[PDB]
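Written out below as structure tokens is the structure these notes cover.
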Amino acid sequence: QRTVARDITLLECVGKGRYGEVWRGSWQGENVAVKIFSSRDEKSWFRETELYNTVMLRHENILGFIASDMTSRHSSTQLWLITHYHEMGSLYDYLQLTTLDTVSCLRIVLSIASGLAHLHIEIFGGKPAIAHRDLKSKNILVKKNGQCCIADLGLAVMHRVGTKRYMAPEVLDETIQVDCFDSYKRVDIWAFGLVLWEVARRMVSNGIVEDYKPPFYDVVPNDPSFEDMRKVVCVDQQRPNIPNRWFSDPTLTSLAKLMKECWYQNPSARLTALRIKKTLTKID
Amino acid sequence: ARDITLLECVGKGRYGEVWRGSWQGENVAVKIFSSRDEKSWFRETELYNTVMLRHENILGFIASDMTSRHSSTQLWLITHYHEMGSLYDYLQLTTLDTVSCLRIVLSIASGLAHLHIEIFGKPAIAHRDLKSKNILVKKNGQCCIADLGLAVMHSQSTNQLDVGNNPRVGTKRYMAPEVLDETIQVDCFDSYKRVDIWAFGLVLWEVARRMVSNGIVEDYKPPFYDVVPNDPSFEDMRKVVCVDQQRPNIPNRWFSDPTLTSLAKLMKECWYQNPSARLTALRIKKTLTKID
Ligand SMILES: COc1cc(-c2cncc(-c3ccc(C4CCN(C)CC4)cc3)c2C)cc(OC)c1OC
Ligand SMILES: COc1cc(-c2cncc(-c3ccc(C4CCN(C)CC4)cc3)c2C)cc(OC)c1OC
Ligand SMILES: COc1cc(-c2cncc(-c3ccc(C4CCN(C)CC4)cc3)c2C)cc(OC)c1OC
Ligand SMILES: COc1cc(-c2cncc(-c3ccc(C4CCN(C)CC4)cc3)c2C)cc(OC)c1OC
């Protein structure tokens with residue numbers, strides 16, 4: 001009746017971690033990304049698969065799903081997640097080989113806000129509300145049209161822990177109301193504010209730019225402990241530095257105010273993804 | 001090599017379709033789920049992730065896939081192919097001698113005991129939709145159990161029970177009294193094993209009817225064929241099993257044969273209304289190992 005060409009040629013490894021590996025692959029002449037999970041992180045494959053089995057998310061700012069594959073091996077299970085391939089790589093990688101003008105800085109952050117507001121919002125008829133729970137520049141891909149898309153729904157919740165560098169105060173101090181879905185949206189908004197800070201630093205104004213640095217680069221070690229982060233974020237209540245040079249630029253002044261309204265200690269005071277999108281459409 | 005050719009449809013219901021396919025020259029079974037049963041696909045995928053699930057009397061897993069473009073999703077389970085089909089099919093076209101009757105029912109008991117018993121690995125597994133259509137016949141004369149889409153997992157070792165998330169219920173005709181009257185204790189793993197033992201008793205009865213003794217054999221019939229309408233509803237089955245307290249009739253010719261006399265005793269100890277009085281899968285396997 002019909003042939004099912006399932007052969008994906010794995011061409012080069014574009015990512016490796018504890019989690020497993022991502023490969024650039026070829027299916028029918030067409031690039032795909034293949035995430036091969038470690039046995040240690042099987043739960044992230046199951047959670048992303050269960051989510052996509054519940055709702056087939058389709059959004060220009062969400063990494064495009066192609067397939068979940070489980071293949072039986074002699075004495076193990078092989079778990080692959082297959083998605084759209086973005087040759088420009090992660091925002092993390094990208095911010096380290098370019099600076100940004102005002103148009104490209106706004107296009108990036110508005111696209112991430114659009115992807116996040118799409119996750120957060122319940123649609124009837126539709127989709128459940130979704131919180132990401134591991135938003136960071138490494139989990140955002142850059143597209144050729146200058147918009148981004150959000151990747152990695154292995155920790156997502158519908159209505160492993162977060163990267164410690166990006167954890168909100170209520171996660172570090174264990175006061176998060178874990179039976180309140182809104183609590184998880186507020187944790188993503190905190191993380192969003194740090195990504196906004198990472199991008200805004202690489203936007204040029206009056207001939208000046210900051211070097212790419214991760215959030216809290218100046219106050220915590222590489223691979224910060226849970227304790228290291230709690231002391232900075234909860235006990236001392238430190239926030240990322242806004243450089244003086246931003247206050248000469250109308251875009252970076254508005255973006256400083258935005259990222260501040262993502263970092264309130266009180267989660268319920270933080271802006272929503274929808275309110276961030278509205279603010280970004282009125283900037284410039 | 002991952003490339004699969006779909007050669008013919010061997011089955012089709014509201015569940016979806018099964019196809020005979022070719023994959024590396026070998027026959028494979030490809031099940032394509034309806035979107036209405038997406039929760040069974042995911043649950044079956046969870047169950048086949050258990051590497052110690054593999055057993056001669058459990059349908060062998062090859063791959064599971066969810067594939068999507070735009071708003072369209074396909075859900076695939078790929079297994080080993082059994083060209084003799086299901087026990088339900090086979091029992092309609094053949095009678096059985098003693099040796100073949102015991103080999104079939106011992107092999108089903110052996111698969112079920114494998115599911116039910118924790119390995120310290122593999123959780124304890126209750127199937128919850130055991131029936132002759134979910135049992136495939138192999139060329140060595142043994143059977144394997146298929147369809148883990150309703151299965152419940154338990155570990156005594158970590159005190160965890162995973163009932164999963166599937167609104168699907170068992171085939172009505174094979175439902176235990178406590179399933180039909182909805183008094184089944186949902187947070188008790190032992191409850192789900194006891195539901196499997198009930199259904200197993202019905203499968204034993206379907207098989208034993210086809211074993212010849214003294215030149216006599218019954219026609220193939222499904223459980224409760226004589227007491228409910230065609231395509232019985234949940235309420236139809238609750239009436240006969242719960243209100244009327246019916247159980248399958250033991251043909252009197254069985255009492256002339258030592259094997260069928262022993263099997264009649266066995267299946268009746270699967271059918272107590274008190275779930276805790278029913279035999280365990282391991283006891284059934286040990287009893288069938290000693291019967292000849
Ligand atoms: C199983 O596995 C993989 C499969 C595929 C794949 C390859 N060709 C064709 C398909 C296909 C899509 C959709 C239909 C429709 C047509 C009829 N309609 C009424 C219902 C169903 C049929 C066939 C698929 C799904 C790709 C893979 O990798 C990219 C697979 O492995 C992950
Ligand atoms: C965050 O996580 C996931 C990411 C991806 C993913 C998707 N497109 C492209 C990429 C990528 C490609 C290429 C480079 C490099 C290599 C070539 N050059 C030297 C610079 C650029 C970096 C990154 C990735 C990593 C897929 C995933 O799943 C299948 C992910 O997990 C959910
Ligand atoms: C998973 O991913 C990809 C899949 C495919 C692909 C291959 N065969 C068949 C199909 C297909 C055909 C028809 C229907 C529908 C048509 C409307 N209605 C009647 C229900 C059935 C669905 C699916 C597809 C989508 C191609 C891709 O790209 C070229 C894919 O992306 C990598
Ligand atoms: C129950 O469940 C699953 C079963 C199978 C499966 C495996 N081998 C062989 C079969 C088969 C072949 C052929 C016939 C014949 C019999 C009668 N004749 C008039 C028409 C057709 C019947 C059955 C099947 C149906 C695969 C599955 O998944 C891939 C199943 O789901 C878990």
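No hydrogens, no waters, no symmetry mates; every other heavy atom, side chains included, goes into these values. Protein chains get the first letters and strands the later ones, always in sequence-line order, with residue 1 at the start of each.
- Comment: B:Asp190 engages B:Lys193 in a salt bridge, judged by a side-chain N to carboxylate O separation of less than 4.0 angstrom.
- The two residues B:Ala151 and B:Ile125 have their closest heavy-atom pair at CB-CG2, 3.9 Å.
- B:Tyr220 is not listed as a side-chain neighbour of B:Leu93, based on a closest heavy-atom distance of 4.5 Å or more.
- To the nearest 0.5 Å, atoms CD1 (A:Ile8) and CD (A:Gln28) are separated by 10.0 Å.
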(request) Any chance you could lay out the side-chain contact (heavy atoms from CB on, under 4.5 Å) test for B:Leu204 and B:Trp271, step after step, and finish with the verdict? (result) CA-CA 11 Å; B:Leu204 287 179; B:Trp271 293 338; over 6 Å; no

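- Side-chain atoms of B:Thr261 come within 3.5 Å of backbone atoms of B:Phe255 as a donor-acceptor pair (strictly under, hydrogens ignored).
- The pair B:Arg20-B:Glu83 fails the salt-bridge criterion, with no side-chain N (NZ, NE, NH1 or NH2) lying under 4.0 Å from an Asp/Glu carboxylate O.
- Checked by atom type and distance alone, the side chain of B:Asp257 never pairs as donor or acceptor with a backbone atom of B:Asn214 at under 3.5 Å.
- Using modelled atom types, no side-chain atom of A:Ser68 and backbone atom of B:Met66 make a donor-acceptor pair closer than 3.5 Å.
- By the 4.5 Å heavy-atom criterion applied to side chains, B:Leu263 and B:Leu102 are counted as neighbours.
- One finds the OG1 atom of B:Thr280 at 11.0 Å from the CD atom of B:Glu269 (value rounded to the nearest 0.5 Å).
- Side-chain atoms of B:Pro123 and B:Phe189, non-hydrogen and from C-beta on, never get closer than 4.5 Å to each other.
- When each of B:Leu59, B:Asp129, B:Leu112, B:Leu136 is tested with B:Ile145 by the rule side chain to side chain contact (heavy atoms under 4.5 Å, CB included), just one qualifies, namely B:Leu112.
- B:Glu178 contributes atom CD, which lies 8.5 Å from atom SG of B:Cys242 (distance to the nearest 0.5 angstrom).
- For the pair B:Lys239 and B:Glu235, the salt-bridge criterion is not met [side-chain N within less than 4.0 Å of a carboxylate O].
- Inter-residue side-chain proximity for B:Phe42 and A:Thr54 is flagged as unmet; no heavy-atom pair is nearer than 4.5 Å.
- In this model, no donor atom of one side chain and acceptor atom of the other lie less than 3.5 Å apart for A:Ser26 and A:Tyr85.
- When all heavy atoms of B:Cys270 and B:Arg278 are compared, the pair lying nearest together is O-CD, 3.1 Å.
- Here the side chain of B:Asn57 pairs no donor or acceptor atom with the backbone of B:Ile108 at under 3.5 angstrom.
- With no hydrogens or angles considered, no side-chain donor-acceptor pair links B:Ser213 and B:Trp254 at under 3.5 Å.
- With rounding to the nearest 0.5 Å, the separation of CD1 in B:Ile216 from OG1 in B:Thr95 is 13.0 Å.
- Side-chain atoms of B:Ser71 and A:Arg58 form no donor-acceptor pair, as typed in the model, at a separation below 3.5 Å.
- Residues B:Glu38 and B:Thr73 are not in side-chain contact: their nearest non-hydrogen atoms beyond the backbone lie 4.5 Å or more apart.
- No hydrogens or angles considered: a donor-acceptor pair under 3.5 Å links the side chains of B:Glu17 and B:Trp19.
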Which donor-acceptor pairs under 3.5 Å do the side chains of residues 221-228 of chain B make with protein atoms, sequence neighbours left out?
none

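- Classification of A:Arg160 and A:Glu48 as a salt-bridged pair fails, no side-chain N sitting under 4.0 Å from a carboxylate O.
- Both tests pass for A:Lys35 against the ring of A:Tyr19: distance under 6.0 Å to the centre and angle within 45° of the axis.
- A donor-acceptor pair is defined here as one N or O able to donate and one able to accept, closer than 3.5 Å; no such pair exists between the side chain of A:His132 and the backbone of A:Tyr184.
- No side-chain donor-acceptor contact under 3.5 Å links A:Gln78 and A:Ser76.
- With B:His114 contributing its side chain and B:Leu53 its backbone, the two residues share a donor-acceptor pair below 3.5 Å.
- Counting only distance, with no hydrogens or angles, the side chain of B:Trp41 and the backbone of B:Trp76 share a donor-acceptor pair below 3.5 Å.
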(request) Step by step, work out the salt bridge (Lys or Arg N to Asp or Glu O under 4.0 Å) result for B:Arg238 and B:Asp181. (result) CA-CA 7 Å; B:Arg238 173 189 169 284; B:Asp181 69 23; over 6 Å; no

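- Side-chain contact check for B:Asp97 and B:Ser100: at least one donor-acceptor pair (N or O, by modelled atom type) lies under 3.5 Å.
- Side chain of B:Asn49 to main chain of B:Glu46: no donor-acceptor pair is present (N/O by atom type, distance under 3.5 Å, no hydrogens or angles).
- The side chain to side chain donor-acceptor pair (under 3.5 Å) test with B:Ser155 is passed by exactly one of B:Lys122, B:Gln160, B:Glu118: B:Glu118.
- Remark: the backbone N or O of B:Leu91 is not paired with any side-chain donor or acceptor of B:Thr94 at under 3.5 angstrom.
- Within the 4.5 Å cutoff, side-chain heavy atoms of B:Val169 are placed close to those of B:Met175.
- Of the listed residues (B:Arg43, B:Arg168, B:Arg128, B:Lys131), just one forms a salt bridge (charged side-chain N to carboxylate O under 4.0 Å, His left out) with B:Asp147, and that residue is B:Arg168.
- Looking at B:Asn166 and B:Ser40, their side chains do bring a donor and an acceptor atom within 3.5 Å of each other.
- Looking at every heavy atom in both residues, B:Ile250 comes nearest to B:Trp205 through CD1-CD1, 4.4 Å.
- Rounded to the nearest 0.5 Å, atoms CZ (B:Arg283) and CG (B:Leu266) are 10.5 Å apart.
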